[PDB]
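*Asks:* Please find the sequence and an experimentally derived structure below.
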Amino acid sequence: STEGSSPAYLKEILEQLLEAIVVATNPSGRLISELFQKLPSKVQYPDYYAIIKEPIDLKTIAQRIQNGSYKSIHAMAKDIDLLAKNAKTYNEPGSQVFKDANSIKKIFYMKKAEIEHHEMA
Amino acid sequence: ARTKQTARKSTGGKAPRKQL
């Protein structure tokens, strides 16, 4: 259950964009998605939700993609940026978290473009 | 990803570049 624009466009991205960034890493060699590996429950660990302004991890994004919370990956992506935003908010600066998250949204679109070319030719 | 309890490596951080 995904629908939105094209069922694959979102579902496809579910596994494509979601995976690409979570498999993604930073110049150091480790996951840029590391800090966005898992988003608590938005209720279970409110501290995280208290600290953050717009929490949402790669997991929650895919979660919303199929949940019909996006209907368009551009929205997912916006959350992917928010994913990166929670990075600068939750973790500590001077740490890979900030440069990594920035890279995440970057990988995301790189994966978004190749994705479209893969769903055509 | 988890079929049971236990199995959890946190301790400190996790962000890249972290090495000792």
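*Replies:* That came through fine. Numbers count the residues shown, from 1 in each chain, chains lettered A, B, ... in the order given.

*Asks:* burial of the residue of chain A found nearest chain B, as a residue count?
*Replies:* The minimum distance from chain A to chain B, using Cβ to the nearest Cβ, falls at residue A:30 (3.3 Å). Just so you know, the C-beta spots here come from the backbone N, C-alpha and C atoms, and that holds for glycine as well. Look at residue A:30: counted by other Cβ atoms under 10 Å in any protein chain shown, it has 18 neighbours.

*Asks:* Nearest the middle, which residue of chain B would you pick?
*Replies:* residue B:9 (3.1 Å; Cα atoms, centre = their mean).

*Asks:* does residue A:25 count as helix, strand or coil?
*Replies:* Secondary structure assignment for residue A:25 (DSSP: H, G, I helix; E, B strand; the rest coil): coil.

*Asks:* Can you give me the distance of it to residue A:99?
*Replies:* Here residue A:25 is placed at a distance of 12 Å from residue A:99 (Cβ to Cβ, to the nearest Å).

*Asks:* do the same with residue A:66
*Replies:* Residue A:66 is 30 Å from residue A:99, by Cβ to Cβ.

*Asks:* so where does residue A:60 fall, helix or strand?
*Replies:* helix A:58-66 (DSSP states H and E).

*Asks:* Next, give phi and psi for the residue lying closest to residue A:42 once chain neighbours are set aside.
*Replies:* Nearest residue to residue A:42, sequence neighbours excluded (Cβ to Cβ, 6 or more residues apart in numbering or on different chains): residue A:49, at 5.5 Å. Torsion angles at residue A:49 (phi, psi; degrees, to the nearest 10) stand at phi -80, psi -20.

*Asks:* Got phi/psi on residue 7?
*Replies:* You didn't pick a chain, so chain A it is. The phi and psi values for residue A:7, taken as degrees, to the nearest 10, are phi -50, psi -40.

*Asks:* hmm, back to that, which residues touch the residue of chain A closest to chain B?
*Replies:* A:96, B:15, B:16, B:17, B:18 (Cβ atoms under 8 Å, 6 or more residues apart in numbering or on different chains).
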